[PDB]
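Working notes, beginning with the structure itself.
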Amino acid sequence: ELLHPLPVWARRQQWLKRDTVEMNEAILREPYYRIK
Amino acid sequence: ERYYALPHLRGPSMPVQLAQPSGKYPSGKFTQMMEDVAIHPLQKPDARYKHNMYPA
Amino acid sequence: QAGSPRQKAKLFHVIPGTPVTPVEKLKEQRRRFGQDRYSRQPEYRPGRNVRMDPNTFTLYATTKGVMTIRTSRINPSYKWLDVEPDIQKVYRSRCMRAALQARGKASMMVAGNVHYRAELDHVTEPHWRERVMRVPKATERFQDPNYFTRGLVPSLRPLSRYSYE
Amino acid sequence: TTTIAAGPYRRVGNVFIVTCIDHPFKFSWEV
Amino acid sequence: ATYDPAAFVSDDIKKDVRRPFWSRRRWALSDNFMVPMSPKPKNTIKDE
Amino acid sequence: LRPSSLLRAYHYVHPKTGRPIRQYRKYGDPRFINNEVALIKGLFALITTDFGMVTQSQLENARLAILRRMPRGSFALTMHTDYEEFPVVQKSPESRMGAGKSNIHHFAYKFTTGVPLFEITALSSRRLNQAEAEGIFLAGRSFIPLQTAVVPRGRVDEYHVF
Amino acid sequence: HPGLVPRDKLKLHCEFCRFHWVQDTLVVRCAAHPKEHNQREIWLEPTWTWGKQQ
Amino acid sequence: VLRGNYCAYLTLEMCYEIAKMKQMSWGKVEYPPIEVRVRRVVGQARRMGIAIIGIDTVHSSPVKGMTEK
Amino acid sequence: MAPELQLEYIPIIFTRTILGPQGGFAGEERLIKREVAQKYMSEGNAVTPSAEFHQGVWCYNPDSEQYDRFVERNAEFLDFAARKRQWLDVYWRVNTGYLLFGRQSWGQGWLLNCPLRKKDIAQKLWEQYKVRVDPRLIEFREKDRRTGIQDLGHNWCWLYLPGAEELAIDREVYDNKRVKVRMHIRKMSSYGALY
Amino acid sequence: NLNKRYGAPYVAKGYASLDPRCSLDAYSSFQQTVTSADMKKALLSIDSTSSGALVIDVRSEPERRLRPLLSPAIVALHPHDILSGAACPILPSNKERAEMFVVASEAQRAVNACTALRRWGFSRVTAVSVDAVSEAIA
RNA sequence: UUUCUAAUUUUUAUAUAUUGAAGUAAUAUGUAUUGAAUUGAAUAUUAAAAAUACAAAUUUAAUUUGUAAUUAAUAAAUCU
Ligand SMILES: [Zn+2]
Numbered sequence: 017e018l019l020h021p022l023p024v025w026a027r028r029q030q031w032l033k034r035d036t037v038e039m040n041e042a043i044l045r046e047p048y049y050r051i052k
Numbered sequence: 229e230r231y232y233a234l235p236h237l238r239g240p241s242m243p244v245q246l247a248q249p250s251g252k253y254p255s256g257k258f259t260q261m262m263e264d265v266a267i268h269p270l271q272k273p274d275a276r277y278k279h280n281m282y283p284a
Numbered sequence: 021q022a023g024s025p026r027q028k029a030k031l032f033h034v035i036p037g038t039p040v041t042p043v044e045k046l047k048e049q050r051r052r053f054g055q056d057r058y059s060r061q062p063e064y065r066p067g068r069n070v071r072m073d074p075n076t077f078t079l080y081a082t083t084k085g086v087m088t089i090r091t092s093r094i095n096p097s098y099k100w101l102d103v104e105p106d107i108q109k110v111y112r113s114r115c116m117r118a119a120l121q122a123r124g125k126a127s128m129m130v131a132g133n134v135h136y137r138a139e140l141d142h143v144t145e146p147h148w149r150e151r152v153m154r155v156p157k158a159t160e161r162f163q164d165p166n167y168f169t170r171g172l173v174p175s176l177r178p179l180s181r182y183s184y185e
Numbered sequence: 243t244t245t246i247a248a249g250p251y252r253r254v255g256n257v258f259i260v261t262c263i264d265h266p267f268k269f270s271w272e273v
Numbered sequence: 139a140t141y142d143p144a145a146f147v148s149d150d151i152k153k154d155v156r157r158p159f160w161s162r163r164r165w166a167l168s169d170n171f172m173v174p175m176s177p178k179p180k181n182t183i184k185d186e
Numbered sequence: 006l007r008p009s010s011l012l013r014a015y016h017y018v019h020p021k022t023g024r025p026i027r028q029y030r031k032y033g034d035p036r037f038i039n040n041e042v043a044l045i046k047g048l049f050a051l052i053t054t055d056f057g058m059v060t061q062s063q064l065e066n067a068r069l070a071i072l073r074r075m076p077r078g079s080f081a082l083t084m085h086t087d088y089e090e091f092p093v094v095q096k097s098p099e100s101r102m103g104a105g106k107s108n109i110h111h112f113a114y115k116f117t118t119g120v121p122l123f124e125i126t127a128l129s130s131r132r133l134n135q136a137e138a139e140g141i142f143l144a145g146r147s148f149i150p151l152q153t154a155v156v157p158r159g160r161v162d163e164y165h166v167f
Numbered sequence: 060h061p062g063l064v065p066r067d068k069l070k071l072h073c074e075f076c077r078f079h080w081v082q083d084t085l086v087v088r089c090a091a092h093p094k095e096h097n098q099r100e101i102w103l104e105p106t107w108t109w110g111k112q113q
Numbered sequence: 140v141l142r143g144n145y146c147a148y149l150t151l152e153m154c155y156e157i158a159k160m161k162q163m164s165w166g167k168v169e170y171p172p173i174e175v176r177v178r179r180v181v182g183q184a185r186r187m188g189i190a191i192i193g194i195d196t197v198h199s200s201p202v203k204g205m206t207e208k
Numbered sequence: 011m012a013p014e015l016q017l018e019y020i021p022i023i024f025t026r027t028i029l030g031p032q033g034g035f036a037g038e039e040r041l042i043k044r045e046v047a048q049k050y051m052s053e054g055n056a057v058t059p060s061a062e063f064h065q066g067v068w069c070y071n072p073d074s075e076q077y078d079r080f081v082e083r084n085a086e087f088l089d090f091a092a093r094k095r096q097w098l099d100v101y102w103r104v105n106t107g108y109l110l111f112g113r114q115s116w117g118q119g120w121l122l123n124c125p126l127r128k129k130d131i132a133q134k135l136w137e138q139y140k141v142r143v144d145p146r147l148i149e150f151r152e153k154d155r156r157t158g159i160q161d162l163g164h165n166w167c168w169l170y171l172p173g174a175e176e177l178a179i180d181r182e183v184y185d186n187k188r189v190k191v192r193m194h195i196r197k198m199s200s201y202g203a204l205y
Numbered sequence: 014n015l016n017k018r019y020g021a022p023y024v025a026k027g028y029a030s031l032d033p034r035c036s037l038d039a040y041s042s043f044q045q046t047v048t049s050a051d052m053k054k055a056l057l058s059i060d061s062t063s064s065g066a067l068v069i070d071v072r073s074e075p076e077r078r079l080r081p082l083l084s085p086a087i088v089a090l091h092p093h094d095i096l097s098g099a100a101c102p103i104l105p106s107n108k109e110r111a112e113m114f115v116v117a118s119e120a121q122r123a124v125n126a127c128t129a130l131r132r133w134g135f136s137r138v139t140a141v142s143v144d145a146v147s148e149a150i151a
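Chains as they are written, first to last, in the deposited numbering: chain Af, 17 to 52; chain Ao, 229 to 284; chain P, 21 to 185; chain S, 243 to 273; chain BP, 139 to 186; chain H, 6 to 167; chain W, 60 to 113; chain E, 140 to 208; chain Ar, 11 to 205; chain BA, 14 to 151.
In structure tokens:
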């Protein structure tokens, strides 16, 4: 069961997660091409 | 698809003559000097029995 | 207190928007006999080339063709089942409409757009609310029977009074 | 040089390099 | 015609100040009469 | 079916039978956060900042305590009751000795956030202070089983009460 | 001495009723009405430990 | 507010003579100027129900001398 | 028109100024639900758009409490009842809405392990309600100004609708300058939860 | 306990770094004017032997056939290739010294395309004249 | 879990105080009115009167005396 708290290092390395996804979707809204 | 979005401003952003009253009993910080009040030490007010009876 | 039976599944037996043969039950509706009393109003009333079975309120198409649901413009709760007979007429447009909108050259204000129909009607018929809201005086609803013998009105229909649009 | 470059404009696509960072067996059947 | 979020929208991490017991009068005004939070039992919110 | 032919919104009464409607447990669940604020017209009112299920006996014991701490000729307490009531131990094996009659009879309200409960309304030009107000309600608030804060006249500015 | 269940309930009923740090617990001690108006904040016993009172 | 009725009337002409025998500094008979002293005795009167005529009423004391104007 | 098929909502010119979402204000044309509107045309707060009312209508002032105030709807008022509607449509949309979440919460404190950003409220405003705003206006509470929202269950946070003073908009909305958007964080396993 | 690890430019960040202000300034440039000399200076930018077309027209492809302005080799960009950022690989380096222009069918699109530019870090563009650049044939 | 090997998830996470502000002075509509055996700011109810600032108390059978006189006291600065 969820008894003792999530260790802090895990929450911190999971704040890097949403800041990975927040860096994927920055790639998935780029223009499909580039007028060059 | 409908998207709801604010109109463009033509006047002051925070309402002034349209402001709702604050909503908490406006016993100001100066009628009951509860906290957040700063006064010069020369200009200490209201010690009419302690140290304003002999003002300076 | 008692028992109860399990509620059968009364759902679509085709995919709306796709072609359809007549031996397919388009939708097996609840003949909503509230509890086996004799008055119900089906959810999906019959449409073009669709004919309803009287007993079980199941809509069977009458001619093979692509099928669709027309939600009533007035109340989006009351739907018809349209079968338009020509399957090539829609396939050879879909294959365009979906080839144009791939190149970004198709407009989204199409009538067939789901979220536009609210505005589409209003671009063309701007007062259609008033054309269905208007209450008719019992005089004009029964136009002068002599205008029928004198032939002015092609044929009097006194019961068709409700605007189903 | 303060000018929108002038020339016959070619367009170049993009190519995504994808890796997998989370296990697949935790997720749905659609994912 | 400019609205600056920063004027009215204040996100300040304010220190929840202790009810000052060291002075007598400011202890009595500060006595926010909601200390009867004792009705916080996680009681049955959908039954009785 | 389910709610219709209400008995003036206190409880719903079966359409084809005068029996009470006997709703589900989590019907009218208070676990919303009420969007609509209350436009109280008393001088002060006791709104419920949280949600819960509050009996009528818990609300009447509170009135009998508020009515002690209040100046008589000046302010007349005003208790609202238009809200909907709800049943209790209703089900048959779930009652004690088959006495479903004596368990459902209790009627408790499911209060969402920010419903006003009482009103220290004025009958004169006499005025009140928040200190003069919370002092009154501090008696009754100790009976009303959920969290409640007093609010001054007019529209509750729920930016502050929360 | 009635443990005023939260610290915030503490009120000085008498002129001689003041606050005191009786071993990390804010309490009210009065010379007059010595135990009659005495209040003591709720907190662990003055000598607790980490296995007995957490 | 305790009794429901204004009691006996008065008129400002009378308070000015209750105010003449009531001087705080009986060494300096008019430390409070007399007009200032009256608003005091007037208020103490109203606080007892003594509705004086010059105020509190729609019309002042009617006179047989001349028009209201 | 039929007793079966009735217009789910009808056009309406408000005479009074109703607070509620279905409400309007003086003289604007709005398609409000049929059942509600039908107890306005009896109540007098509204009148169906006859060609006459499309120019002026005798609206209501709480000052004398009767239908005296003539509010003529020239093209200028029709630029005023648009910005004033378009405004309090954002209001009554976020205030009526209850925007949901699905998040992961390993641990005991019922604490959302990747707490919420003001980015992640404007994101669930535009996602669910299509309310497009500036996430610079969303002020959080005091409990969640530090660590973001961070906790399951019902959270709310204030959205500041700035430009409401030249619309003359007060007493017809609960707070002229704010609105309580009402979160809720329904924890979910890796199956349906993100981040 | 964010904003301790990340900065204040975290949680208090309106990640909408797109258009809280630029759109306004877009409607500012819309107001003032563009005319002959405002093209004649651009003519000197065409007179500059370095040929990078200054003005660009965001107009539908049937429109430009009707009033072709492509003469000085100016750039014809679909208004989304600007909005989407697909045009940055052909856009001046001096974001603070360059001012191109934007022609458009009806001046609402022009400002609606020049705001996209000022969202891309561009500073000066007065953003419209469908008819001047034709009256300034060059 | 073929076997040797290599590895990015660790029974190590931050806990609320500085200050028993206690000297500095006779008074004066006034002991208001009412209800009251009595009540004088501190019985009961009543509370938007005043002027020359101090009516939500302690005290007394009542008063006077006598306590009291709307103030500096920045834990925020993360700690790794
Ligand atoms: Zn004591």
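Even for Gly, the Cβ is constructed at its ideal location relative to N, Cα and C.
Asked, Found
"Any C-beta of chain BA sitting closer than 9 Å to the C-beta of Ar:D161?", "no"
"Hey, is BA:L15's beta-carbon within less than 9 Å of any beta-carbon in chain Ar?", "yes"
"Would you say the beta carbon of Ar:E152 comes nearer than 8 Å to a heavy atom of ligand 3?", "Summarising the ligand content, the structure contains ligand 1 and does not contain ligand 3."
"With DSSP as the reference, label BP:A144 as helix, strand or coil.", "helix"
"Output yes if chain Ar places a C-beta closer than 9 Å to the C-beta of Af:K52; else output no.", "no"
"How many Å lie between BA:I87 and S:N256 at the Cα?", "26 Å"
"Tell me whether Ar:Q76 sits in a helix, a strand or coil according to DSSP, three-state version.", "strand"
"Kindly say whether BP:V147, judged by its beta-carbon, lies nearer than 9 Å to any beta-carbon of chain Ar.", "yes"
"Report the residue from Ar:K94, Ar:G119 and Ar:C69 whose alpha carbon sits nearest the alpha carbon of Af:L18.", "Ar:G119"
"How big is the Cα-Cα spacing for BA:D144 and S:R253?", "30 Å"
"Please determine, among P:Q61, P:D102 and P:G37, the residue with the shortest C-alpha to C-alpha distance to P:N69.", "P:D102"
"Opposite H:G159 in the DSSP bridges: which residues?", "H:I45"
"Got a sec: is the Cβ-Cβ distance from Ar:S115 to anything in chain S below 9 Å?", "no"
"Mind listing, in chain order, the residues whose beta carbon lies closer than 5 Å to a non-hydrogen atom of ligand 1?", "W:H72, W:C73, W:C76, W:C89, W:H92 and W:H96"
"For Ao:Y253, which residues in chain H fall below 8 Å Cβ to Cβ?", "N134, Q135 and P157"
"Quick check on Ar:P13 - is its C-beta less than 9 Å from some C-beta in chain BP?", "no"
"Quick check on Ao:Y277: does DSSP put it in helix, strand or coil?", "coil"
"Show which residues of chain H have a CB atom less than 8 Å away from the CB atom of Ar:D73.", "What Ar:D73 touches in chain H: nothing, since even the nearest Cβ is about 18 Å away."
"With a CB to CB cut of under 7 Å and the five nearest residues on each side skipped, what residues in its chain are close to Ar:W116?", "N123"
"Any beta carbon from chain H within less than 9 Å of Ar:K190's own beta carbon?", "yes"
"Just curious, the alpha helix (DSSP H) that P:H135 is in, first and last residue?", "Per DSSP, P:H135 belongs to no alpha helix (DSSP H) and is neither H nor E."
"Would you say BA:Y19 lies against chain Af (beta-carbon separation less than 9 Å)?", "yes"
"How big is the Cα-Cα spacing for P:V34 and P:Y98?", "19 Å"
"Using a Cβ-Cβ distance cut-off of 9 Å, determine whether S:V254 contacts chain Af.", "yes"
"Could one say the Cβ of Ar:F80 lies closer than 9 Å to chain BP's Cβ atoms, at least one of them?", "no"
"Could you tell me whether the Cβ of BA:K54 comes closer than 9 Å to any Cβ of chain Ar?", "no"
"What residue from H:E90, H:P25 and H:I71 has the CA that sits closest to H:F49's CA?", "H:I71"
"Taking the runs of the alpha helix (DSSP H) that are 4 residues or longer, which of them lie wholly in the segment 30 to 106 of chain BA?", "35 to 44, 49 to 60, 74 to 79 and 92 to 96"
"Using 9 Å as the threshold, is the C-beta distance between BP:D185 and H:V93 below it?", "yes"
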